[PDB]
Amino acid sequence: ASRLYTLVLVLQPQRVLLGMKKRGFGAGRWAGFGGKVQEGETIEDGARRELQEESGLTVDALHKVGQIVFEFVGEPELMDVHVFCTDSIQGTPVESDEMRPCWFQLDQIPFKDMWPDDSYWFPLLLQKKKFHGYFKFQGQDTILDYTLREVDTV
Ligand SMILES: Nc1nc2ncccc2[nH]1
């Protein structure tokens, strides 16, 4: 019982792009760009489509960097999030009704205003490591349990 999601981090040598979600699930937190994968669509194509929809940016090659499974207690469906990174984009970031993008210097990543799991795996992403993670949440603020390990193959 899991549903496929994508998450894309535009990670350049000295900065990373995050977007402040304005409505819906996760509103009020900085995050990467992504969403649900459609019927008949590959995961990577879904990741590329959602980056465009939410940030206005065009990506070519996306690199697989992680898989994170999210459980919310009392909710049947697990979220199976496929995480990707890219350093080469086209376009400039677009603020819309749904998302406000902003660049962050790597020493100024706003962890207090991000999902709490990011403190665990974002440092791996910044050092070009790949990972498998699992986070069990109660509500949107409390991590009850988690696992996280580095992998050679996502
Ligand atoms: N970073 C992050 N994104 C998430 N989306 C849904 C649930 C938990 C999440 N943690």
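Deposited coordinates in this entry are attributed by the record to X-ray crystallography, at a stated resolution of 1.600 Å.

J.: Sorry, what's going on with the UniProt feature "short sequence motif: Nudix box" in the chain here?
T.: As annotated by UniProt and renumbered to match this structure, "short sequence motif: Nudix box" occupies residues 35–56. Taken as a whole, residues 35–56 contains 59% helix and 0% strand, while its terminal C-alpha atoms sit 14 Å from one another.

J.: What should I look at first to understand the pairing of strand β2 (residues 15–21) in this one?
T.: Each regular strand displays side chains that alternate between the two surfaces of the sheet. The pairing of strand β1 (residues 2–11) with β2 spans 2 bridges and is antiparallel. Bridge pairing in β2 links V10 to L17. As paired elements, β2 and strand β8 (residues 99–105) share 7 bridges and run antiparallel to each other. Residue pairing in the sheet places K21 in a bridge with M99 of β8.

J.: Before we go on, may I ask you to explain the pattern of salt bridges in this structure?
T.: Side-chain pairs of opposite charge can arise whenever the charged atoms involved come near each other. Taken as a whole and judged by the stated rule, the model has 6 salt bridges. Of the charged contacts in the structure, one is a salt bridge between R48 and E44, with a shortest N-O distance of 3.1 Å. Of this pair, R48 and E44 both sit in helix α1 (residues 43–55), separated by 4 residues, roughly a single helical turn. Accessibility expressed as a relative area gives 30% for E44, which makes it partly exposed. Taken together, the salt bridges that share partners define one network made up of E41, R49, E50 and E53.

J.: Looking at this model, I keep getting lost on the side chain of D118. Mind explaining?
T.: The topology assignment puts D118 in helix α2 (residues 118–126). Each residue touching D118, except ones within four places of it in the same chain, is listed here: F111 and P123.

J.: Sorry, what's going on with α1 here?
T.: Counting along an α-helix, one turn takes 3.6 residues, and residues three or four places apart therefore face a common direction. The first and last C-alpha atoms of α1 sit 18 Å apart over 13 residues, in line with the 18 Å expected at 1.5 Å per residue. The complete set of buried residues in α1 reads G46, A47, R49, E50, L51, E54 and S55. Where α1 is buried, its residues touch β1, β4 (58–59), β6 (78–86) and β8. In the segment just after α1, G56 is the residue with positive phi, at about 80°.

Reading guide: rules and limits
Residues numbered from 1 in each chain as written, not as in the entry; some residues may be left out. Heavy atoms only, no water. Residues with missing side-chain atoms left out of burial classes, pairs and counts. UniProt positions renumbered as here; feature names shortened; annotations may be inferred. Helix = DSSP H or I, 4+ residues; strand = E, 2+ residues; numbered from the N terminus. Pairing = 2+ DSSP bridges. Salt bridge = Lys/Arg side-chain N within 4 Å of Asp/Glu carboxyl O. Buried < 20%, exposed > 50% of the residue type's maximum accessible area, 1.4 Å probe, protein only. Contact = heavy atoms within 4.5 Å. Expected span 1.5 Å × (residues − 1).

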